[PDB]
file entry-v7.pdb (PDB, C-alpha atoms (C1' of nucleotides))
ATOM      1  CA  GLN A 161      18.209 147.444  76.961
ATOM      2  CA  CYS A 162      16.021 148.927  79.714
ATOM      3  CA  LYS A 163      19.057 150.988  80.793
ATOM      4  CA  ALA A 164      19.837 152.143  77.255
ATOM      5  CA  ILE A 165      19.626 155.885  77.892
ATOM      6  CA  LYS A 166      18.993 156.502  81.593
ATOM      7  CA  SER A 167      16.323 154.201  83.101
ATOM      8  CA  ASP A 168      13.076 154.128  81.101
ATOM      9  CA  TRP A 169      12.050 151.621  78.440
ATOM     10  CA  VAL A 170       8.922 149.760  77.305
ATOM     11  CA  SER A 171       9.093 146.398  75.533
ATOM     12  CA  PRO A 172       7.455 146.363  72.064
ATOM     13  CA  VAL A 173       8.033 142.652  71.380
ATOM     14  CA  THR A 174       5.413 140.097  72.368
ATOM     15  CA  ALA A 175       6.892 137.304  74.469
ATOM     16  CA  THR A 176       5.011 134.610  72.511
ATOM     17  CA  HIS A 177       4.885 136.003  68.959
ATOM     18  CA  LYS A 178       7.098 134.369  66.324
ATOM     19  CA  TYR A 179       7.115 136.930  63.510
ATOM     20  CA  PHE A 180      10.893 137.536  63.520
ATOM     21  CA  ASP A 181      12.450 134.063  63.202
ATOM     22  CA  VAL A 182      11.545 134.123  59.495
ATOM     23  CA  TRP A 183      14.403 136.640  59.094
ATOM     24  CA  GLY A 184      16.933 133.844  59.668
ATOM     25  CA  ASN A 185      16.134 132.517  56.191
ATOM     26  CA  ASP A 186      17.203 135.833  54.631
ATOM     27  CA  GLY A 187      20.745 135.533  53.307
ATOM     28  CA  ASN A 188      21.552 139.247  53.531
ATOM     29  CA  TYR A 189      20.538 139.444  57.201
ATOM     30  CA  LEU A 190      22.863 136.543  58.019
ATOM     31  CA  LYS A 191      25.611 138.207  55.975
ATOM     32  CA  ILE A 192      25.392 141.505  57.869
ATOM     33  CA  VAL A 193      25.129 139.820  61.281
ATOM     34  CA  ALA A 194      28.188 137.749  60.453
ATOM     35  CA  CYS A 195      29.953 140.925  59.231
ATOM     36  CA  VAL A 196      29.331 142.831  62.465
ATOM     37  CA  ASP A 197      30.193 139.824  64.651
ATOM     38  CA  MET A 198      33.435 139.159  62.744
ATOM     39  CA  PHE A 199      34.452 142.828  62.767
ATOM     40  CA  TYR A 200      33.630 143.420  66.448
ATOM     41  CA  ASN A 201      35.303 140.183  67.525
ATOM     42  CA  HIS A 202      38.580 141.612  66.217
ATOM     43  CA  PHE A 203      38.166 144.892  68.144
ATOM     44  CA  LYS A 204      36.821 144.083  71.605
ATOM     45  CA  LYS A 205      38.080 147.418  72.987
ATOM     46  CA  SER A 206      35.458 149.416  71.070
ATOM     47  CA  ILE A 207      32.643 151.091  72.988
ATOM     48  CA  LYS A 208      30.030 149.766  70.542
ATOM     49  CA  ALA A 209      31.183 146.122  70.930
ATOM     50  CA  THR A 210      28.112 145.585  73.164
ATOM     51  CA  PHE A 211      26.234 144.743  69.921
TER      52      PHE A 211
ATOM     53  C1'   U B   1      15.392 121.727  54.530
ATOM     54  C1'   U B   2      18.986 122.818  58.129
ATOM     55  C1'   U B   3      20.581 121.670  62.829
ATOM     56  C1'   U B   4      21.808 119.192  68.094
ATOM     57  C1'   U B   5      24.976 121.932  76.257
ATOM     58  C1'   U B   6      16.570 123.954  77.491
ATOM     59  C1'   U B   7      26.010 127.325  77.008
ATOM     60  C1'   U B   8      27.909 132.083  76.033
ATOM     61  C1'   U B   9      27.850 140.749  75.377
ATOM     62  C1'   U B  10      32.791 141.606  77.410
ATOM     63  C1'   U B  11      34.416 140.844  82.067
ATOM     64  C1'   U B  12      34.611 137.905  86.185
ATOM     65  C1'   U B  13      33.937 133.531  90.186
ATOM     66  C1'   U B  14      33.242 133.518  99.233
ATOM     67  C1'   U B  15      24.979 134.396  97.970
ATOM     68  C1'   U B  16      33.593 137.273 102.507
ATOM     69  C1'   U B  17      35.022 141.924 104.345
ATOM     70  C1'   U B  18      34.278 150.326 107.018
ATOM     71  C1'   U B  19      37.940 150.005 111.009
ATOM     72  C1'   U B  20      38.088 147.351 115.328
ATOM     73  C1'   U B  21      36.732 142.845 117.324
ATOM     74  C1'   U B  22      35.077 137.600 119.349
ATOM     75  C1'   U B  23      31.868 133.120 126.220
ATOM     76  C1'   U B  24      24.219 135.642 122.476
ATOM     77  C1'   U B  25      30.061 136.094 130.872
ATOM     78  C1'   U B  26      30.296 139.673 134.532
ATOM     79  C1'   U B  27      27.808 146.245 139.595
ATOM     80  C1'   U B  28      29.588 144.232 144.207
ATOM     81  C1'   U B  29      28.265 140.221 146.758
ATOM     82  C1'   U B  30      26.885 135.348 146.739
ATOM     83  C1'   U B  31      25.496 129.711 145.339
ATOM     84  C1'   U B  32      19.779 123.294 148.264
ATOM     85  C1'   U B  33      14.278 127.329 143.403
ATOM     86  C1'   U B  34      16.532 124.141 152.658
ATOM     87  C1'   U B  35      14.861 125.870 157.271
ATOM     88  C1'   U B  36       9.750 130.098 162.796
ATOM     89  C1'   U B  37       9.788 126.462 166.639
ATOM     90  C1'   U B  38       9.009 120.713 167.068
ATOM     91  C1'   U B  39       7.728 117.210 164.735
ATOM     92  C1'   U B  40       7.488 112.718 160.687
ATOM     93  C1'   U B  41       1.980 105.852 158.530
ATOM     94  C1'   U B  42      -1.724 111.871 153.681
ATOM     95  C1'   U B  43      -2.808 105.205 161.296
ATOM     96  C1'   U B  44      -6.250 105.009 165.306
ATOM     97  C1'   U B  45     -13.337 106.860 169.634
ATOM     98  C1'   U B  46     -14.092 101.860 171.854
ATOM     99  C1'   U B  47     -15.326  97.735 169.266
ATOM    100  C1'   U B  48     -14.565  94.845 165.393
ATOM    101  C1'   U B  49     -12.838  91.816 160.322
ATOM    102  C1'   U B  50     -16.381  86.563 153.747
ATOM    103  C1'   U B  51     -18.882  94.380 150.441
ATOM    104  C1'   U B  52     -21.601  85.543 153.850
ATOM    105  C1'   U B  53     -26.322  83.688 155.909
ATOM    106  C1'   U B  54     -34.730  83.997 157.580
ATOM    107  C1'   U B  55     -35.824  78.777 156.918
ATOM    108  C1'   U B  56     -35.494  75.539 152.985
ATOM    109  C1'   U B  57     -32.934  74.371 148.870
ATOM    110  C1'   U B  58     -29.124  73.894 144.269
ATOM    111  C1'   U B  59     -29.314  71.602 135.496
ATOM    112  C1'   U B  60     -31.154  80.156 134.673
ATOM    113  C1'   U B  61     -34.195  70.638 133.040
ATOM    114  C1'   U B  62     -38.989  68.699 132.244
ATOM    115  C1'   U B  63     -47.413  68.688 130.549
ATOM    116  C1'   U B  64     -47.515  64.018 127.787
ATOM    117  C1'   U B  65     -45.444  62.926 123.422
ATOM    118  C1'   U B  66     -41.417  63.216 120.329
ATOM    119  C1'   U B  67     -36.099  64.371 117.776
ATOM    120  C1'   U B  68     -32.850  65.653 109.356
ATOM    121  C1'   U B  69     -35.084  74.076 111.324
ATOM    122  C1'   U B  70     -36.320  66.020 105.059
ATOM    123  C1'   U B  71     -40.244  64.737 101.833
ATOM    124  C1'   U B  72     -47.380  66.010  97.090
ATOM    125  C1'   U B  73     -45.875  62.908  92.825
ATOM    126  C1'   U B  74     -42.216  63.014  89.348
ATOM    127  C1'   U B  75     -37.010  64.719  88.699
ATOM    128  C1'   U B  76     -31.667  66.322  88.876
ATOM    129  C1'   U B  77     -25.697  70.795  83.674
ATOM    130  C1'   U B  78     -29.516  77.699  87.553
ATOM    131  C1'   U B  79     -27.227  73.014  78.775
ATOM    132  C1'   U B  80     -29.648  73.165  74.227
ATOM    133  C1'   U B  81     -34.586  76.274  67.921
ATOM    134  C1'   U B  82     -31.372  75.044  63.751
ATOM    135  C1'   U B  83     -26.652  76.640  62.473
ATOM    136  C1'   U B  84     -22.159  77.985  64.216
ATOM    137  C1'   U B  85     -17.210  79.304  67.363
ATOM    138  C1'   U B  86     -10.326  85.039  66.860
ATOM    139  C1'   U B  87     -15.872  90.256  71.283
ATOM    140  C1'   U B  88     -10.178  89.069  62.987
ATOM    141  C1'   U B  89     -10.596  91.201  58.219
ATOM    142  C1'   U B  90     -13.180  96.774  52.196
ATOM    143  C1'   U B  91      -8.542  97.259  49.568
ATOM    144  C1'   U B  92      -3.818  98.880  50.756
ATOM    145  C1'   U B  93      -0.581  99.299  54.572
ATOM    146  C1'   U B  94       2.726  98.908  59.524
ATOM    147  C1'   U B  95       8.629 104.186  64.093
ATOM    148  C1'   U B  96       1.269 107.392  67.511
ATOM    149  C1'   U B  97       9.832 109.439  62.330
ATOM    150  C1'   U B  98      10.858 113.190  58.927
ATOM    151  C1'   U B  99      10.278 120.504  54.855
TER     152        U B  99
END

call {"tool": "encode", "arguments": {"input": "entry-v7.pdb", "output": "structure tokens"}}
result
Amino acid sequence: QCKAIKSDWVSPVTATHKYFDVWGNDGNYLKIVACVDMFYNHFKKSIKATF
RNA sequence: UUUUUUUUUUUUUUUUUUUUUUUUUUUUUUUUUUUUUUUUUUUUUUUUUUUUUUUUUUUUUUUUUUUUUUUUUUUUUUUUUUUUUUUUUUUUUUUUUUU
């Protein structure tokens, strides 16, 4: 993601912090991530399939 | 609780390649890192050949005694108060396992 636009990016996530793995317990987050993975596995020719 | 490649974006798979090339060979000559000449023990003055000797000697022996670097006497676990004898023990427990 450092080459997202042209070249410049700064990382906002701490390499040792663990404040985001709680989101795996959320059912809706798992449902949307499974939705996007299932939909973009069917269409691998899309530009946005990098997600 | 759930899990169980400290696997995975999709692609790919020589830490291969401009093209041309291939002795980290070559000016031509040459080919003892041989040579003035003449020599050839890094031998020799002539003598000489124990880095032997004054003579005398020849235990780096000895005063005479002596001869456990033994001994007051008594003794002989560098044992012992009595009691004891896992440098065991509250009870409960017994993966320094587990959402």

call {"tool": "resolve_selection", "arguments": {"input": "entry-v7.pdb", "expression": "the PyMOL selection byres ((chain A) within 8 of (chain B))", "output": "NGL selection string"}}
result
:A and (204 or 209-211)

call {"tool": "residues_around", "arguments": {"input": "entry-v7.pdb", "residues": "residue A:193", "least_positions_apart": "6", "cutoff": "12 Å", "atoms": "only C-alpha atoms (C1' of nucleotides)", "output": "short mmCIF file (atom, residue, chain, number, x, y, z; two decimals) with C-alpha atoms, in the coordinates of the input"}}
result
data_model
loop_
_atom_site.label_atom_id
_atom_site.label_comp_id
_atom_site.auth_asym_id
_atom_site.auth_seq_id
_atom_site.Cartn_x
_atom_site.Cartn_y
_atom_site.Cartn_z
CA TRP A 183 14.40 136.64 59.09
CA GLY A 184 16.93 133.84 59.67
CA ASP A 186 17.20 135.83 54.63
CA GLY A 187 20.74 135.53 53.31
CA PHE A 199 34.45 142.83 62.77
CA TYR A 200 33.63 143.42 66.45
CA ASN A 201 35.30 140.18 67.53
CA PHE A 211 26.23 144.74 69.92
#

call {"tool": "axis_aligned_box", "arguments": {"input": "entry-v7.pdb", "around": "stretch 196-210 of chain A", "padding_each_side": "6 Å", "output": "lines of an AutoDock Vina configuration file"}}
result
center_x = 33.3
center_y = 145.1
center_z = 67.8
size_x = 22.5
size_y = 23.9
size_z = 22.7

call {"tool": "closest_residue", "arguments": {"input": "entry-v7.pdb", "among": "B:41, B:56, B:1, B:64", "to": "residue A:185", "atoms": "only C-alpha atoms (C1' of nucleotides)"}}
result
B:1

call {"tool": "atom_distance", "arguments": {"input": "entry-v7.pdb", "atom1": "atom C1' of residue B:96", "atom2": "atom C1' of residue B:6"}}
result
24.7 Å

call {"tool": "atom_distance", "arguments": {"input": "entry-v7.pdb", "atom1": "atom CA of residue A:178", "atom2": "atom CA of residue A:192"}}
result
21.4 Å

call {"tool": "atom_distance", "arguments": {"input": "entry-v7.pdb", "atom1": "atom CA of residue A:194", "atom2": "atom CA of residue A:171"}}
result
25.8 Å

call {"tool": "resolve_selection", "arguments": {"input": "entry-v7.pdb", "expression": "the PyMOL selection byres ((chain A and resi 161) around 12)", "output": "PDB file with C-alpha atoms (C1' of nucleotides), in the frame of the given file"}}
result
ATOM      1  CA  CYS A 162      16.021 148.927  79.714  1.00  0.00           C
ATOM      2  CA  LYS A 163      19.057 150.988  80.793  1.00  0.00           C
ATOM      3  CA  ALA A 164      19.837 152.143  77.255  1.00  0.00           C
ATOM      4  CA  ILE A 165      19.626 155.885  77.892  1.00  0.00           C
ATOM      5  CA  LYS A 166      18.993 156.502  81.593  1.00  0.00           C
ATOM      6  CA  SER A 167      16.323 154.201  83.101  1.00  0.00           C
ATOM      7  CA  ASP A 168      13.076 154.128  81.101  1.00  0.00           C
ATOM      8  CA  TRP A 169      12.050 151.621  78.440  1.00  0.00           C
ATOM      9  CA  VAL A 170       8.922 149.760  77.305  1.00  0.00           C
ATOM     10  CA  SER A 171       9.093 146.398  75.533  1.00  0.00           C
ATOM     11  CA  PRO A 172       7.455 146.363  72.064  1.00  0.00           C
ATOM     12  CA  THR A 210      28.112 145.585  73.164  1.00  0.00           C
ATOM     13  CA  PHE A 211      26.234 144.743  69.921  1.00  0.00           C
TER      14      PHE A 211
ATOM     15  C1'   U B   9      27.850 140.749  75.377  1.00  0.00           C
TER      16        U B   9
END

call {"tool": "build_atoms", "arguments": {"input": "entry-v7.pdb", "residues": "stretch 163-198 of chain A", "atoms": "N, CA and C atoms", "output": "short mmCIF file (atom, residue, chain, number, x, y, z; two decimals), in the coordinates of the input"}}
result
data_model
loop_
_atom_site.label_atom_id
_atom_site.label_comp_id
_atom_site.auth_asym_id
_atom_site.auth_seq_id
_atom_site.Cartn_x
_atom_site.Cartn_y
_atom_site.Cartn_z
N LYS A 163 18.16 149.93 80.35
CA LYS A 163 19.06 150.99 80.79
C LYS A 163 19.83 151.57 79.62
N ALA A 164 19.17 151.69 78.47
CA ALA A 164 19.84 152.14 77.26
C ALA A 164 20.22 153.61 77.34
N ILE A 165 19.32 154.46 77.84
CA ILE A 165 19.63 155.88 77.89
C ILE A 165 19.86 156.32 79.33
N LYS A 166 18.81 156.34 80.15
CA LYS A 166 18.99 156.50 81.59
C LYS A 166 18.34 155.37 82.39
N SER A 167 17.02 155.27 82.38
CA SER A 167 16.32 154.20 83.10
C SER A 167 15.09 153.65 82.40
N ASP A 168 14.45 154.39 81.51
CA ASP A 168 13.08 154.13 81.10
C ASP A 168 13.02 153.44 79.75
N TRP A 169 12.22 152.37 79.67
CA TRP A 169 12.05 151.62 78.44
C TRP A 169 10.80 150.76 78.54
N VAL A 170 10.12 150.59 77.41
CA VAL A 170 8.92 149.76 77.31
C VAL A 170 9.14 148.74 76.19
N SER A 171 8.82 147.48 76.47
CA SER A 171 9.09 146.40 75.53
C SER A 171 8.04 146.36 74.43
N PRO A 172 8.43 146.46 73.15
CA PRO A 172 7.46 146.36 72.06
C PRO A 172 7.27 144.96 71.51
N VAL A 173 8.07 144.00 71.94
CA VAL A 173 8.03 142.65 71.38
C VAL A 173 7.17 141.76 72.27
N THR A 174 6.22 141.07 71.65
CA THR A 174 5.41 140.10 72.37
C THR A 174 6.27 138.90 72.74
N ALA A 175 6.08 138.40 73.97
CA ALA A 175 6.89 137.30 74.47
C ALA A 175 6.58 135.98 73.79
N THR A 176 5.41 135.85 73.15
CA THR A 176 5.01 134.61 72.51
C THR A 176 4.93 134.69 70.99
N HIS A 177 4.98 135.88 70.41
CA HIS A 177 4.88 136.00 68.96
C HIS A 177 6.16 135.52 68.29
N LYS A 178 6.01 134.96 67.09
CA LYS A 178 7.10 134.37 66.32
C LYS A 178 7.14 134.95 64.92
N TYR A 179 7.10 136.27 64.81
CA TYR A 179 7.12 136.93 63.51
C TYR A 179 8.51 137.36 63.07
N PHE A 180 9.55 137.08 63.85
CA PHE A 180 10.89 137.54 63.52
C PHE A 180 11.86 136.42 63.18
N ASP A 181 11.55 135.17 63.52
CA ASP A 181 12.45 134.06 63.20
C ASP A 181 12.44 133.71 61.72
N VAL A 182 11.52 134.28 60.94
CA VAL A 182 11.54 134.12 59.50
C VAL A 182 12.77 134.82 58.91
N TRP A 183 13.27 135.87 59.59
CA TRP A 183 14.40 136.64 59.09
C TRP A 183 15.69 135.83 59.03
N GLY A 184 15.77 134.70 59.75
CA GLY A 184 16.93 133.84 59.67
C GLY A 184 17.11 133.17 58.32
N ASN A 185 16.03 133.06 57.54
CA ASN A 185 16.13 132.52 56.19
C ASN A 185 16.70 133.52 55.20
N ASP A 186 16.68 134.81 55.53
CA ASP A 186 17.20 135.83 54.63
C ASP A 186 18.72 135.77 54.61
N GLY A 187 19.30 135.64 53.42
CA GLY A 187 20.74 135.53 53.31
C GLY A 187 21.47 136.82 53.67
N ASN A 188 20.90 137.96 53.29
CA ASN A 188 21.55 139.25 53.53
C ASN A 188 21.60 139.58 55.02
N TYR A 189 20.55 139.22 55.76
CA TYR A 189 20.54 139.44 57.20
C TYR A 189 21.63 138.64 57.89
N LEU A 190 21.78 137.37 57.50
CA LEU A 190 22.86 136.54 58.02
C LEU A 190 24.22 137.10 57.63
N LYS A 191 24.34 137.64 56.42
CA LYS A 191 25.61 138.21 55.98
C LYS A 191 26.00 139.43 56.80
N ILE A 192 25.05 140.33 57.08
CA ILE A 192 25.39 141.50 57.87
C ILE A 192 25.66 141.13 59.32
N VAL A 193 24.89 140.19 59.89
CA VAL A 193 25.13 139.82 61.28
C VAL A 193 26.47 139.11 61.43
N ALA A 194 26.87 138.33 60.43
CA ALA A 194 28.19 137.75 60.45
C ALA A 194 29.27 138.81 60.25
N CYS A 195 29.00 139.84 59.43
CA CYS A 195 29.95 140.93 59.23
C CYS A 195 30.21 141.69 60.52
N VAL A 196 29.14 142.05 61.24
CA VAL A 196 29.33 142.83 62.46
C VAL A 196 29.97 141.97 63.55
N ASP A 197 29.58 140.69 63.65
CA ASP A 197 30.19 139.82 64.65
C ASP A 197 31.67 139.59 64.36
N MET A 198 32.03 139.36 63.10
CA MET A 198 33.44 139.16 62.74
C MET A 198 34.25 140.42 62.97
#
